[PDB]
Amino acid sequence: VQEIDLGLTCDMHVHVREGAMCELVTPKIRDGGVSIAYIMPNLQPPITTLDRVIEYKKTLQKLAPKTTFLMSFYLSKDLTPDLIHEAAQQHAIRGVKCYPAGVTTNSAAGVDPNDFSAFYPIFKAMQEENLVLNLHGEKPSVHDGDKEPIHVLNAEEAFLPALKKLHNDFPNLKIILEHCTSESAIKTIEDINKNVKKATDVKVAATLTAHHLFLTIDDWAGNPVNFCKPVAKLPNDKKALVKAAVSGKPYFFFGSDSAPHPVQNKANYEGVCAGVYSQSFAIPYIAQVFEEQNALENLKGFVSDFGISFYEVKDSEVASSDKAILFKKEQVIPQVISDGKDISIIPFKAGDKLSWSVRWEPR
């Protein structure tokens, strides 16, 4: 087309950090074409208290009055079932996010995905409250010499039995395999949802980032800016991710995992911080893929309908009724995104032409 009404757009995997970085990035949610954002909890320290999660959103809302913020707790032994019920009651959180220990940013204070039993009381409460369980689905890497090797290329596949058990022990709970990167994970999600037909049946879904629809291992091998977790994988994996994203199936929907880092935390000779920054042009990135796939008819489901449906986003929570309007005027992605002070971020696909822009119209 040349103008597409995406309605209330949906980015269900957002990192905005804190401090000067957050002031720079949260207004970019709306700027990249996103009305509703699900905010991830891996701050330093993690978000595990009620007052933190409440004030964090107030800080966010002040920065972005027209952005709807859905919040989350960082899965943790700190949490209690009481904190869960007390938070779902006051509608302070809409889900809880699990980070396996060591596999990504600010995950050191994370959990071990081999003994999930210690958190079954937490999922117990979460299920009763219809809260979402978000999973960074990678097993930690394993050296040893006895048990089968786990590395960055198969850590997501090795996590897939854990996902299935969690689904089989909490069958009413809403679970999301965040940012899928492998054909194996796509196939697992499609099998778990084999008998779904419309749509509110889905209880296990997967988010797909913008960058994993573009990247393979070649793009990050000598390019830390394209390094994130889970890493982009083989060409066959990308094909499956793209096919899923444009499939029109209600169990795949957009989650950017926009993960902002100052440029000096990417230009390291060791300990490069994982993460791609896509917030500034979130929807235009996804538009490009759907255009090239001749499937622009499925864009609205992927970037709006399916996440709204799965998260059950009701009209009474949306901060602004403005519609996101995609229109086919080319823009150039800048080389850097700066706050004029101490923050420079390199955006995903810095310097590239995008065919689409996005603006806001009232309902």
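The term rigid core refers to the most C-alpha atoms you can superpose between the two forms while keeping them within 1.5 Å. Position 1 is the first residue in the sequence shown; the rest follow in order.
Return whichever of 248-256 or 143-151 has the larger RMS Cα deviation from the displayed form in 6 other deposited structures of this protein, where every structure is aligned on the rigid core.
-> Larger mean C-alpha displacement, comparing 248-256 and 143-151 in 6 other deposited structures of this protein, is found in 143-151.
Between 192-200 and 130-138, which one strays more from this form in 6 other deposited structures of this protein if you match the rigid core and compare Cα atoms?
-> Relative to the shown form, the greater RMS C-alpha distance in 6 other deposited structures of this protein belongs to 192-200.
Can you let me know which of the two, 161-169 or 182-190, has the higher average C-alpha B-factor in the entry?
-> That would be 161-169.
Using the B-factors recorded in the PDB entry, average over the C-alpha atoms of 207-215 and of 82-90, then report which stretch comes out higher.
-> According to the PDB entry, the answer is 82-90.
Maximum C-alpha temperature factor, selected from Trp220, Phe123, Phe253, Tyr285 | Answer, based on the entry's C-alpha B-factors: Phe123.
Between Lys197, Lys249, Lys243, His151, which carries the biggest CA temperature factor in the record?
-> Highest C-alpha B-factor among the listed residues goes to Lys197.
Which third, lowest, middle or highest, does the CA B-factor of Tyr269 fall in along this chain?
-> Bottom third by C-alpha B-factor.
Report the third (lowest, middle or highest) to which the CA temperature factor of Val276 belongs, ranking only the modelled residues of the same chain.
-> Lowest third.
Using the B-factor values recorded in the entry, state whether the Cα atom of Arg52 falls in the lowest, middle or highest third among the modelled residues of its chain.
-> It falls in the top third of the chain.
Mind checking which third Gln127 falls in for C-alpha B-factor across the chain?
-> For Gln127, the deposited C-alpha B-factor lands in the highest third.
Chain third (lowest, middle, highest) by recorded CA B-factor, residue given as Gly32 | Lowest third of the chain for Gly32's C-alpha B-factor.
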